[PDB]
Amino acid sequence: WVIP
Amino acid sequence: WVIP
Amino acid sequence: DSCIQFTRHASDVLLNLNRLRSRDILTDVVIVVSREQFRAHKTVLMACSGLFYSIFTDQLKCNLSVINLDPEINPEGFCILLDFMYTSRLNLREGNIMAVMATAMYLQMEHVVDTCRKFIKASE
Amino acid sequence: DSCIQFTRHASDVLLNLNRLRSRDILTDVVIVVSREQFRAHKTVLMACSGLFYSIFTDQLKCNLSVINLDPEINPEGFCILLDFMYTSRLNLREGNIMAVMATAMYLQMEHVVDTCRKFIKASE
Ligand SMILES: O=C1Cc2cc(Nc3ncncc3Cl)ccc2N1
Ligand SMILES: O=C1Cc2cc(Nc3ncncc3Cl)ccc2N1
Ligand SMILES: [Cl-]
Ligand SMILES: [Cl-]
């Protein structure tokens, strides 16, 4: 999971 | 396009 | 093999599937949640959820145009997860995390359940 | 927004759509090419091809279960492109590049047409  |  | 691969292909496909959903093009099922209705594509729901995979591979249920979820399911949690299915983006907030995790457990969306568990553990 | 994003989501969705194709699950159309038949999901074909997008948004053709391609289309070129749609992998070879480019132009798959043009230019 990432900060888009 | 890339070499997978 | 000796194939070449287009890096952005999968993301472009999902973006186009979401555009079809927005315009209600070729949607083939209605998901009913506490009298809130969500139109979707069976194949996308199956590709994202162990529950929908099991439902639409059933010889009788594969032909249903309406699926009613368990009354304990929260429509907002479902809406957030449906958006995630079609975009890879999860709108996880302090105010919705419990409903989102409960819905992801029911839908069998293991990666979502994982990030919810981690975000909850960080706040304890 | 303040969404989080699961990097591998789009690729995992496409992988699952290809698994449904392999097992012939929820395929809703047959594409006929020079008497070679290919089963697929209309939504995936639309998401990948300007031609299929135009075909399945037509009020009459959206309801067809069989689509016949132009007789000049090569079944192998189509097969390679159908595999690309479901995998992001293109089996481009000296022996098939002309058929693949011609099929991609007809199907309106601009990124495939682009890499074929570049691979042809490198060999001249
Ligand atoms: O967490 C998850 C996400 C998910 C998706 C599916 N889908 C499929 N699996 C295998 N072949 C085809 C499909 Cl469509 C099954 C289980 C789970 N569990
Ligand atoms: O090269 C290409 C690939 C491609 C895909 C599509 N598909 C869609 N476009 C917009 N909204 C939904 C969909 Cl399904 C249309 C044109 C082209 N041209
Ligand atoms: Cl997931
Ligand atoms: Cl393309």
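Note on naming: letters A, B, ... go to the chains in the order of the sequence lines (proteins, then strands), and numbering restarts at 1 for each one. Basis for what follows: all heavy atoms, side chains included, without hydrogens, waters or symmetry-related copies.
The two residues C:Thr43 and D:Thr43 make their nearest non-hydrogen contact at OG1-OG1, 4.1 Å. Shown here for C:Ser34 and C:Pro71, the closest heavy-atom pair between the two residues is OG-O, 3.5 Å.
The side-chain heavy atoms of D:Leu14 and C:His9, taken from C-beta on, include a pair separated by under 4.5 Å. With contacts defined as side-chain heavy-atom distances shorter than 4.5 Å, the pair C:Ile120/C:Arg117 does not qualify. Residues D:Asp12 and C:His111 are in side-chain contact: their nearest non-hydrogen atoms beyond the backbone lie under 4.5 Å apart. Residues C:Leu107 and C:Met85 have side chains in contact (heavy-atom distance under 4.5 Å, counting atoms from C-beta outward). Contact of the C:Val13 side chain with the D:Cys48 side chain is registered, since non-hydrogen atoms from C-beta on lie closer than 4.5 Å. Residues C:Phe119 and C:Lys121 form no side-chain contact, since every pair of their non-hydrogen atoms from C-beta on lies 4.5 Å or further apart. Side chains of D:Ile25 and C:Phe56 form no contact here, defined as non-hydrogen atoms less than 4.5 Å apart. The closest side-chain heavy-atom distance from D:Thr57 to D:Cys62 is not below 4.5 Å.
A distance of 8.0 Å separates CD1 in C:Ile67 from NZ in C:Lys61, rounded to the nearest 0.5 Å. From C:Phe38, atom CZ reaches atom CG of C:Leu45 across 11.5 Å, with rounding to the nearest 0.5 Å. Of the inter-residue distances, the one linking D:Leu82 atom CG with D:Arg39 atom CZ reads 12.0 Å to the nearest 0.5 angstrom. Here the CG atom belonging to D:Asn91 is positioned 9.5 Å from the OG1 atom belonging to D:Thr87, to the nearest 0.5 angstrom. If you take OG on C:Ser49 and CZ on C:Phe84, they are separated by 11.5 Å, rounding to the nearest 0.5 Å. Distance check, rounded to the nearest 0.5 Å: CZ of D:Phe6 to CG of C:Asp114 gives 8.0 Å.
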For the pair C:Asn16 and C:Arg19, evaluate side-chain hydrogen bond (donor to acceptor under 3.5 Å, both in side chains) and give the outcome as yes or no after the intermediate values.
CA-CA 5 Å; C:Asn16 284 339; C:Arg19 285 163 175 175; 2.9 Å; yes
List the steps and the verdict of side chain to side chain contact (heavy atoms under 4.5 Å, CB included) for B:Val2 and C:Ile4.
CA-CA 6 Å; B:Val2 301; C:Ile4 56 173; over 6 Å; no
Worked check of side chain to side chain contact (heavy atoms under 4.5 Å, CB included) between D:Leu92 and D:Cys116:
CA-CA 8 Å; D:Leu92 199 56; D:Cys116 284; 3.8 Å; yes
Assess whether side chain to side chain contact (heavy atoms under 4.5 Å, CB included) is satisfied between C:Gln5 and D:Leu90, documenting all intermediate values.
CA-CA 6 Å; C:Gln5 178 192 66; D:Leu90 184 71; over 6 Å; no
List the steps, then state whether side chain to side chain contact (heavy atoms under 4.5 Å, CB included) holds for D:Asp70 with D:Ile73.
CA-CA 6 Å; D:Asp70 184 292; D:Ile73 303 304; 4.2 Å; yes
How far apart are the C-alpha atoms of C:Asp28 and C:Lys42, what are their side-chain angles, what is the distance that settles it, and do they pass the salt bridge (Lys or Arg N to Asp or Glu O under 4.0 Å) test?
CA-CA 6 Å; C:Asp28 51 13; C:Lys42 288 176 188 179; 5.4 Å; no
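Formation of a donor-acceptor pair under 3.5 Å by the D:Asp83 side chain with backbone atoms of D:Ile80 is not found in this model. A donor-acceptor pair is defined here as one N or O able to donate and one able to accept, closer than 3.5 Å; no such pair exists between the side chain of C:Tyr106 and the backbone of C:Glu72. Proximity of a side-chain donor or acceptor of C:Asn96 to a complementary backbone N or O of C:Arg93 within less than 3.5 Å is detected.
For C:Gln37, the side chain to side chain contact (heavy atoms under 4.5 Å, CB included) partners are C:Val30, C:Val32, not counting sequence neighbours.
Ring orientation note: the planes of D:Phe78 and D:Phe52 are nearly perpendicular, at an angle over 60° on the 30°/60° scale.
Residue C:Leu15 is not grouped with residue C:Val44 when hydrophobic side chains (ILVMFWY) are merged at heavy-atom distances under 4.5 angstrom, including chains of intermediate members.
For the residue pair D:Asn18/D:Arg21, the side-chain donor-acceptor check at 3.5 Å is satisfied.
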